[PDB]
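Commentary on secondary and tertiary structure
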Amino acid sequence: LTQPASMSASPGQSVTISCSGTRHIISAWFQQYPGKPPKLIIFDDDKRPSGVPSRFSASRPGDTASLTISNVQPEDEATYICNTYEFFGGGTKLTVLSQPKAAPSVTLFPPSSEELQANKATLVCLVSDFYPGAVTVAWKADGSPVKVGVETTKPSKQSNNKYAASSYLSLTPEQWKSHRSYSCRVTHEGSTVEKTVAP
Amino acid sequence: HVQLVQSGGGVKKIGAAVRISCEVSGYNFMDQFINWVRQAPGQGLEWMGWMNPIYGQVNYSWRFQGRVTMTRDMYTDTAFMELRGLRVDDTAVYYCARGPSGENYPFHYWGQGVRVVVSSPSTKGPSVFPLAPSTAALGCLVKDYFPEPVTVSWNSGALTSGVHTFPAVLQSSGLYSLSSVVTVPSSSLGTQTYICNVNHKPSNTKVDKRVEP
Amino acid sequence: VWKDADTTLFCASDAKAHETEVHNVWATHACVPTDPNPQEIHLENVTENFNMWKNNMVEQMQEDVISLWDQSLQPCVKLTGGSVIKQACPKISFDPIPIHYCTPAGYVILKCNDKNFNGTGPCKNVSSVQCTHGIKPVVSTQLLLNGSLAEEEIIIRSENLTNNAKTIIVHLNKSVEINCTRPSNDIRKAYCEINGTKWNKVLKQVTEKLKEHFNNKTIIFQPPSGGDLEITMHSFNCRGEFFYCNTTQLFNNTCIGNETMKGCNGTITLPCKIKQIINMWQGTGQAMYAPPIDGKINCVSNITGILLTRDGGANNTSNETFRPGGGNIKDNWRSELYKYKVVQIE
Ligand SMILES: *[C@@H]1O[C@H](CO)[C@@H](O)[C@H](O)[C@H]1NC(C)=O
Ligand SMILES: *[C@@H]1O[C@H](CO)[C@@H](O)[C@H](O)[C@H]1NC(C)=O
Ligand SMILES: *[C@@H]1O[C@H](CO)[C@@H](O)[C@H](O)[C@H]1NC(C)=O
Ligand SMILES: *[C@@H]1O[C@H](CO)[C@@H](O)[C@H](O)[C@H]1NC(C)=O
Ligand SMILES: *[C@@H]1O[C@H](CO)[C@@H](O)[C@H](O)[C@H]1NC(C)=O
Ligand SMILES: *[C@@H]1O[C@H](CO)[C@@H](O)[C@H](O)[C@H]1NC(C)=O
Ligand SMILES: *[C@@H]1O[C@H](CO)[C@@H](O)[C@H](O)[C@H]1NC(C)=O
Ligand SMILES: *[C@@H]1O[C@H](CO)[C@@H](O)[C@H](O)[C@H]1NC(C)=O
Ligand SMILES: *[C@@H]1O[C@H](CO)[C@@H](O)[C@H](O)[C@H]1NC(C)=O
Ligand SMILES: *[C@@H]1O[C@H](CO)[C@@H](O)[C@H](O)[C@H]1NC(C)=O
Ligand SMILES: [Cl-]
Ligand SMILES: [Mg+2]
Ligand SMILES: [Mg+2]
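Residues numbered from 1 in each chain as written, not as in the entry; some residues may be left out. Chains lettered and ligands numbered in written order. Heavy atoms only, no water.

In terms of determination method and resolution, the entry is listed under X-ray crystallography at 3.4 Å.

What follows is the structure in structure tokens.
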């Protein structure tokens, strides 16, 4: 539907995540700790089950159902999903803000000459030393983004304990030669950094 | 005390099929539907269908009808789901779920999720390629290997600062690939060489690859 | 003035006590002879709220029908959970007969008289009565036979059309006859003849109704996705025989399409089989009956309603798909009990 992908809020304050596009059909809200099955935490717009605190609230006055959480805690680091029948949102991965906000160190590696003579072409985009681990990666050729052959893994912890990730494209040497500009663009909570390389 | 678990996942080849069983306890199976939901790795949830165990009322999503079949067994109190003809994207975690007393939605109860890894048929050793520097971060790329993992070392393990081994990725061909990177100061290149030792144990692929601008 | 309430009901019928037919033998002791002077009182200037899907009379009926079937139909062998029951299975004469229900003192039935009332919400033309209308305890799947018709328009009823898992009832304003026959002298083979022209006409009208209710999207009808026969085929009882009928041809999406004069419009004949091994609808289990009797077996029944289930799920396209419904027969009963609600006055 219409859901943000990754928010952030320091412990103690309040945060609001809104899922839109409900088509005016009630609302449900799920908390997911990645790796395990989810757990619903409210149902029917403005009610919640047992086992959870009053820190959570929500409201569905129409097309947008909002979910408010005050007094951020360490288990509040979770992915929150809006639900409408068999419909689920993109999920918002909200995490704590220990460590200092870190801009992404971006590099790009052209295909090796061995790979060209093997009749193959792959450009490797490396993003490291950034935090939070929420980066929007796009591959772009000449003037427009292109979706074929791209594969992105989600980030993890390196030796310096913050977040780092990688992305790949798998194309033919012929088109890599034919075009004059290939760009990897990565967005780090809305700070966009780009790197472009040519044959 | 509603309890309900899954015992059917695993690692499968390309295409083929897989079976998932979800047992329940705490209520009469005949009441309440069961729903199947798949979670792509690091991606939102997708509802695939549901079943009424009374006679076998099934309802499938348009993306999956013709591929998946949901079945049941009343006496053993166990629902089943079979995914015939699965691709790479079907690599996911599968959930059987139900809702409150009376009505189906929303999904108050979720089982435990089970892993399903859609693999390739062949054990394939990788192809190792350099990753030249432009301070001056460099590395090695391994392409199209199966299975996992693969070990990568740097100057026979002599160099450890600045290293990072990134998680592997299944490509559309179902073949894993990863890369490892190292930064090193710009003036050191042309003075000290760099060699990455890659060992794919299941294919017995031990190579040492140079790094030169 | 009054408060909606539920209670114990008592049935009325008019079946002859000398008949050997099972419905008559049951009703002659379960129900009271019909009131020859029934009266209904129009309630002036009152609008009343109804909910067809949460209304105890259907539950009570279902109990009455299960008692009837248990008492009357005796299978050769019954399989319950960890239980086998062997019992003689004599041939019986079977024919649904219409029955009424009535409330004792202190309790009345409010009936909505609005032509396009959809089973829920408000109704302006409301009357009060002591007894229901004649209802035939027919059991059927995907189709609603020998029932009452809609008055003004083909009516779509559902507890919520938005939910994909809630069954949808279609009420027709023009019945369609289906003529199923096992010829005399493979003794289980049979067939049903349905007039194609009327079938496709009412089908297109229903399709337009669904388009109106669903943003004019492309309506598709498909056979069921799976399950036991009792639902994947069309199950009913006629003369004590259990018929399963392949209704694949009844959801032909081209005969309603704009392909002009084609092989449609003819008498469509669908295959059917009598099975002794059935899955009981009263409760979980299996039942084995005696082989079908000799001679011509025939049933002409007026399909008056349609049971449907919508696929649903990440639509975002040009079409909505539907497949025939069935299963829970409390919905089959609701299809005729939608007009009535019991109410206390004291
Ligand atoms: C049907 O669902 C809608 C969703 O918003 C709800 O408002 C309505 O009350 C529901 N109706 C019934 C009869 O359950
Ligand atoms: C019916 O009620 C309306 C308003 O509730 C009133 O205007 C009208 O006069 C009433 N009619 C009768 C016959 O009582
Ligand atoms: C209510 O309906 C009945 C029959 O359906 C009709 O005879 C009566 O005139 C209607 N009442 C009004 C006020 O139209
Ligand atoms: C039945 O209702 C439909 C609309 O629901 C209408 O088009 C049709 O004319 C009606 N038929 C009769 C005989 O009233
Ligand atoms: C039935 O009508 C009521 C009001 O008249 C409306 O709220 C409800 O959505 C309708 N349901 C269907 C299935 O038409
Ligand atoms: C039903 O079909 C049988 C056999 O085709 C035929 O004898 C009988 O007359 C038919 N009845 C009607 C009402 O069409
Ligand atoms: C079937 O319906 C059409 C519709 O008018 C009709 O003319 C025809 O007579 C019907 N079939 C038979 C066998 O009568
Ligand atoms: C009904 O017949 C069609 C075509 O002969 C067939 O594909 C389908 O499987 C049959 N239905 C069942 C429930 O077997
Ligand atoms: C649908 O109708 C057309 C023409 O009336 C016919 O050729 C086709 O076989 C029918 N399809 C089915 C599944 O009966
Ligand atoms: C429907 O009614 C007709 C005549 O009233 C009868 O012949 C037929 O058997 C009934 N339908 C069923 C399924 O019994
Ligand atoms: Cl049989
Ligand atoms: Mg009684
Ligand atoms: Mg046999």
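Continuing now.
Observations regarding the pairing of strand 2 (residues 10-13) of chain C
Side-chain positions along a regular strand alternate between the two faces of the sheet. Residue and element names in this part refer to chain C. Relative to strand 8 (residues 100-102), strand 2 runs antiparallel, the two being bridged by three bridges. Directly across from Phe10, in strand 8, lies its bridge partner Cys102. One ladder, built from two bridges, connects strand 2 with strand 3 (residues 32-33); its direction is parallel. Considered in strand 3, the bridge of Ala12 is made with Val32. Running through helix 1 (residues 22-30), the crossover from strand 2 to the neighbouring parallel element strand 3 is right-handed. (Pairing = 2+ DSSP bridges. Helix = DSSP H or I, 4+ residues; strand = E, 2+ residues; numbered from the N terminus. Right-handed = clockwise from strand over helix to strand, strands pointing away.)

Focus on the pattern of salt bridges
Residues and elements named next belong to chain C. A full pass over the atoms with the stated rule returns 26 salt bridges over all chains. The closest approach of N and O atoms between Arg334 and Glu59, which form a salt bridge, is 3.9 Å. For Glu59, a relative accessible area of 22% corresponds to the partly exposed category. Its salt-bridge partner being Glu159, residue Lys166 comes within 3.3 Å of it at the nearest N-O pair. (Salt bridge = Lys/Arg side-chain N within 4 Å of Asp/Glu carboxyl O. Buried < 20%, exposed > 50% of the residue type's maximum accessible area, 1.4 Å probe, protein only.)

Side note on the site of ligand 5
Residues and elements named next belong to chain C. Taken together, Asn118, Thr120, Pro122, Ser158, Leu161 and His213 make up the full set of residues near ligand 5. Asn118 has a polar side-chain atom sitting 2.4 Å from an oxygen atom of ligand 5. Relative to its unbound accessible area of 370 Å², ligand 5 is 52% covered by the protein chains. Along the lines of polarity and charge, the residues of the shell around ligand 5 split into two nonpolar, four polar and no charged. (Near = heavy atom within 4 Å. Polar contact = N/O pair within 3.5 Å; in protein donor to acceptor, adjacent residues only side chain to side chain. Areas by Shrake-Rupley, 256 points an atom, 1.4 Å probe, with all protein chains shown as cover. Nonpolar A, V, L, I, M, F, W, Y, C, P; charged D, E, K, R; others polar.)

Some words on the interface of chain B and chain C
Counting residues at the interface gives 19 residues for chain B, matched by 24 residues for chain C. Together, the buried faces of chain B and chain C total about 1600 Å²; carbon and sulfur atoms form 53% of this surface. Together, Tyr55, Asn59 and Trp62 of chain B form the three largest contributors to the area buried by chain B at its contact with chain C, with a combined 35%. At the surface where chain B touches chain C, the tally comes to one salt bridge. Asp228 of chain C is the salt-bridge partner of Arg72 of chain B, the closest N and O atoms lying 2.5 Å from each other. When residues of the side of chain B that touches chain C are traced back to their parent elements, those giving at least two are strand 5 (45-52) and strand 6 (57-60) of chain B. Broken down by element, the side of chain B that touches chain C gets its largest block of residues, four residues, from strand 6 of chain B. The class makeup of the residues in the side of chain B that touches chain C is 11 nonpolar, six polar and two charged. (Contact = heavy atoms within 4.5 Å. Buried area = accessible area lost by both parts, 1.4 Å probe.)

Overview of the side chain of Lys209 of chain C
Mapping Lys209 of chain C onto the fold places it in helix 3 (residues 196-213). Residue contacts for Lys209 of chain C: discarding those within four places in its chain leaves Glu153, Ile154 and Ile156 of chain C.

Structural notes on the interface of chain A and chain B
Contacts between the two partners involve 33 residues from chain A and, on the opposite side, 34 residues from chain B. For the pairing of chain A and chain B, the buried interface totals around 2700 Å² over both sides, and the portion due to carbon and sulfur atoms is 70%. When the buried area of chain A at its contact with chain B is split by residue, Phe88, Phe109 and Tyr168 of chain A rank highest and sum to 21% of it. The interface formed by chain A and chain B holds one salt bridge in total. Taking the shortest distance from any N to any O, the salt bridge between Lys209 of chain B and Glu114 of chain A comes out at 2.8 Å. Every element with two or more residues in the side of chain A that touches chain B is listed here: strand 2 (28-32), strand 3 (39-43), helix 1 (113-117), strand 10 (121-130), strand 13 (150-157) and strand 14 (163-171) of chain A. Per element, the largest residue contribution to the side of chain A that touches chain B is five residues, and it comes from strand 14 of chain A. In terms of residue class, the side of chain A that touches chain B is built from 15 nonpolar, 11 polar and seven charged.

So, the sheet that holds strand 1 (residues 3-4) of chain C
Residue and element names in this part refer to chain C. Taken in spatial order, the five strands line up as 1-24-9-11-4 in an open sheet, and their pairing is antiparallel. If you trace the sheet from one side to the other, it starts and ends with strand 1 and strand 4 (40-42), each paired once. With three bridges joining them, strand 4 and strand 11 (residues 126-129) adopt antiparallel strand pairing. Bridging across to strand 11, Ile41 finds its partner in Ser128.

Focus: the sheet that holds strand 5 (residues 64-70) of chain A
Residue and element names in this part refer to chain A. Taken in spatial order, the three strands make up an open sheet running 1-5-4, and their pairing is antiparallel. Every other strand in the sheet has two partners, leaving strand 1 (14-20) and strand 4 (56-59) as the edge strands with one partner each. On average, each strand axis in the sheet is inclined to that of its neighbour by 20 degrees, with strand direction left out of account. Pairing analysis gives four bridges linking strand 4 to strand 5, with the strands arranged antiparallel. Residue pairing in the sheet places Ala58 in a bridge with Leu67 of strand 5. (Axes fitted to C-alpha atoms, helices over the stretch in contact; angles between N-to-C directions.)

Regarding the site of ligand 4
Residue and element names in this part refer to chain C. Around ligand 4 lies a shell formed by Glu152, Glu153, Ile154, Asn173, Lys174 and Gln205. Contact with the protein chains removes 58% of the 370 Å² of surface that ligand 4 exposes when unbound. Here the shell around ligand 4 is composed, by residue class, of one nonpolar, two polar and three charged.

So, the nonpolar core
All names here are of chain C. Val170 and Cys192 are the most contacted members of the largest nonpolar core, which totals 37 residues. Residue contacts for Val170: discarding those within four places in its chain leaves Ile154, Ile155, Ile156, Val206, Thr304, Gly305, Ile306 and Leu308. In this structure, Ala15, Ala27, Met61 and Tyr107 belong to the second largest nonpolar core, which totals 36 residues. (Core = buried A, V, L, I, M, F, W, Y, C linked by side-chain atoms within 4.5 Å.)

Some words on the domain arrangement of chain A
Looking at the assigned domains, one finds that chain A contains domain 1 (6-95) and domain 2 (105-197). Here domain 1 of chain A and domain 2 of chain A have C-alpha centroids that lie 32 Å from each other. (Domains from an automatic or database assignment.)

Side note on the packing of aromatic side chains
Overall, the coordinates contain 19 aromatic pairs over all chains when judged by the stated rule. A centroid spacing of 6.3 Å and a plane angle of 65 degrees characterise the contact between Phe88 of chain A and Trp110 of chain B, whose relative ring orientation is edge-to-face. Residue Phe88 of chain A is found in strand 7 (residues 87-88), and its partner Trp110 of chain B is found in strand 10 (residues 109-110); the two belong to separate chains. Ring geometry for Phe242 of chain C against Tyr289 of chain C: centres 4.8 Å apart, planes inclined by 45 degrees, an arrangement best described as tilted. You can see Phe242 of chain C sitting in strand 18 (residues 241-245) and its partner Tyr289 of chain C sitting in the loop between strand 21 (286-288) and strand 22 (297-310), a full 47 residues away along the chain. In textbook terms, an aromatic cluster arises when at least three aromatic residues are bridged by ring pairs, as seen for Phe30, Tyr85 and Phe88 of chain A together with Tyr95, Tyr105, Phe107 and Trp110 of chain B. Cation over ring: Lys341 of chain C sits above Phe50 of chain C, and NZ or CZ is 5.7 Å from the ring centre. (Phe/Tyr/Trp six-rings, centres within 6.5 Å; stacked < 30°, edge-to-face > 60°. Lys NZ or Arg CZ within 6 Å of the ring centre and 35° of its normal.)

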